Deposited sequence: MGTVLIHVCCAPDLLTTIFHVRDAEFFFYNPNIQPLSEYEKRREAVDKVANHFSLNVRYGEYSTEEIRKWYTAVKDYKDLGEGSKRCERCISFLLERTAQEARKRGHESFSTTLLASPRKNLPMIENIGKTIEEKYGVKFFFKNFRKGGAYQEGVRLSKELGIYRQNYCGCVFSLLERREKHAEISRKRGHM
């Protein structure tokens, strides 16, 4: 009855932990470029985990791992919200479900469900598709409900947690400029 929860960023982790109790977290995001930004986001997650004694596992981040992600999304390099993001989130959640099976967790989820930008129907579709493939149950919750999003905002402010202004990939950084 344990869940492995992919973590995109510390602000969305803060929103999520208002609602989840006995979870292992999995910080895996080869979509975040460049390395300096990956490390800044990772350190914010580490700060939250130390503050609240969370159990966080950190996934692979390497030139090889980034190349695998880029292959998955390359054919739609379109805007945010399109087939490119469907491929990106499926890549992240596939790796998470793989890890969940390896570590004995019967369920998996993602803090992307707490992000106000993301498309919840798209994420739930991806999660349920991956559930069918790996036999790890996808746990869906609107993590922003119950006032948790605003609750994540005030914890982020009090803790001094880095709050990014682009989704993470190079494409989203360019779309930020335009």
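Q: Walk along the deposited sequence from position 1 and note every stretch that has no C-alpha coordinates.
A: Model skips 1, 79, 181 to 192 of the deposited chain.
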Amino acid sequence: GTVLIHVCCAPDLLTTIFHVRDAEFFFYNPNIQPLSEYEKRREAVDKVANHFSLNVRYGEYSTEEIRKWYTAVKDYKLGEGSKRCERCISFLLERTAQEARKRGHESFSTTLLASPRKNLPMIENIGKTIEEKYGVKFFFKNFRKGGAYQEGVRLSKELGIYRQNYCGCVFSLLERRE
From here on, numbers count along this sequence of modelled residues.
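Q: So 27 to 35 or 131 to 139, which one's hotter by mean CA B-factor in the entry?
A: Between 27 to 35 and 131 to 139, it is 131 to 139.
Q: Which wins on mean Cα temperature factor, 1 to 9 or 169 to 177?
A: Comparing averages over the C-alpha atoms only gives 169 to 177.
Q: Please pick out which of 51, 117, 42, 57 has the largest Cα B-factor as recorded in the entry.
A: Largest recorded C-alpha B-factor: 117.
Q: Rank-wise, by C-alpha B-factor, drop residue 125 into the lowest, middle or highest third of its chain.
A: It falls in the middle third of the chain.
Q: Give the position of residue 153 by CA B-factor within its chain, expressed as the lowest, middle or highest third.
A: Middle third.
Q: When the modelled residues of the chain are sorted by Cα temperature factor, does residue 82 land in the lowest, middle or highest third?
A: It falls in the top third of the chain.
Q: Classify residue 64 as lowest, middle or highest third according to the C-alpha B-factor given in the PDB entry, relative to its own chain.
A: Residue 64: CA B-factor falls in the highest third of its chain.
Q: Which third, lowest, middle or highest, does the CA B-factor of residue 76 fall in along this chain?
A: Its C-alpha B-factor belongs to the highest third of this chain's values.
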